[PDB]
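Taking the form deposited in one PDB entry, here's one chain by itself in structure tokens.
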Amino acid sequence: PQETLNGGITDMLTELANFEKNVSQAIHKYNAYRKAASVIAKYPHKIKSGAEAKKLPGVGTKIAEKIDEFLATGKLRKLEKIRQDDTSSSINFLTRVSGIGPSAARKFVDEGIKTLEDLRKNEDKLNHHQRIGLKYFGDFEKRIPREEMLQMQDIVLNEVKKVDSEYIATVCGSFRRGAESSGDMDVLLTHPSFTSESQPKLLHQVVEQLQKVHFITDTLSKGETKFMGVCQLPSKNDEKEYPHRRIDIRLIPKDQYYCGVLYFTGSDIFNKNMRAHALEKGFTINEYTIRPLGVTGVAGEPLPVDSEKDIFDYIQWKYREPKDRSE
């Protein structure tokens, strides 16, 4: 639906969501407002009243009241106020820095540190992740066009294969669903030598190679199974350099790989629909496994999974292309 239809309302709800998460440290209210913003965003009618909106799942009495106020006045008093508030707006802003959550933001603003400049002045009070977040503040908020994602995938698949041709690497996220743009790159990695029942340098060797060819530029965190860092496409001659990008790489046991690929391919909406289907067939599906219930409700062991289709087939669904998994 066009933004013009209820964009004022959904923008209002998103802003409220952010203040709950970043200022009030109320994560569940944050997700309440987001859920309401999503369902309203998909509503194919211009909302005429709070009562109309309340019919939608996730919109309750209080959001109905806010919509009435917005419709009758074009603003929300509480939002106008908190927007104007020096401390609250500063706390909310600082959390746009990767690594600065509500708690770090609150602590910075308590001691007078309110802007990117104040951060730039006080690097010794920032941890490693936060420094990297500050360094790439602008780049990290840019989207990644699919053409660059393809170029990024090219490098990743190539370098992974150069390390060991028996690795299996899959770039997931909305990119795998064919999205025209991405927020970051999510790479799922496995290897036949790594199972649930079985080196812990499988991940390190791949990260090391990607650093060696100067694709990976910085590290946010890194252990034996999850890497989170920064990358950059090489610059095309006398052209402007590419933005730095967020890349995650996780190593998953072979027997849990395709469950992982399914899960991180999404979308979130499609995943829950599929998780519902789902139990009904007497199966529990999470990021790692699919398991049978269970006349009482006792999960049996993980069923063997050798492809995404294998999962679909357990729950008697026909395989669905990543492009067809928006819901």
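Note that residue numbering follows the sequence shown and begins at 1. Superpose the two forms; the largest set of C-alphas matching within 1.5 Å is the rigid core.
One more form of this protein, deposited in another entry, exists but is not displayed; see below.
Participant: Determine whether the C-alpha of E20 shifts by 2 Å or more between this form and the one not shown once the rigid core is superposed.
Facilitator: False for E20: its C-alpha shift is below 2 Å.
Participant: After the core is matched up, is the C-alpha of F270 off by 2 Å or more between this form and the one not shown?
Facilitator: Comparing forms between this form and the one not shown, the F270 CA shifts at least 2 Å.
Participant: If you line up the core, does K29 shift 2 angstroms or more at its C-alpha between this form and the one not shown?
Facilitator: No, the C-alpha position differs by under 2 Å between this form and the one not shown.
Participant: In the other entry, do the Cα atoms of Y167 and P304 sit closer or farther apart than here, given a shift of 3 Å or more?
Facilitator: Distance between the C-alphas of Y167 and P304: longer in the other entry, by 3 Å or more.
Participant: Answer with closer or farther for the CA-CA spacing of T95 and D268 in the other entry compared to the shown form; it moves by 3 Å or more.
Facilitator: Closer together, by at least 3 Å.
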